[PDB]
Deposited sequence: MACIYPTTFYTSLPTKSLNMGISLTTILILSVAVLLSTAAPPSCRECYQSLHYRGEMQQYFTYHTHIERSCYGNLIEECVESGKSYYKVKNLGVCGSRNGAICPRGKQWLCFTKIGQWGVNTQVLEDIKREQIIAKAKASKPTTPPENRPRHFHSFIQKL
């Protein structure tokens, strides 16, 4: 039972709605990665280290405190980060049992 990630929410001017990106660069976030579930769908939430706008030469979302990934990125010219995510998911699934 993963925790329900409230920090993924965003406030729009009053109404609060859940939002989450698809591809975020590896340099934008650190090491502590947590798994959260919203309405039965699992996502990854993390502190955002790209508040200023960029980190380690990689662009990051601006003005966001808690990033909120999807478990597996998108195939749209995501270079190799997506393959690395695939390997990490398969080894995590193997190690879960």
* Missing C-alpha stretches, by deposited numbering? -> 1-39, 53-56, 141-160
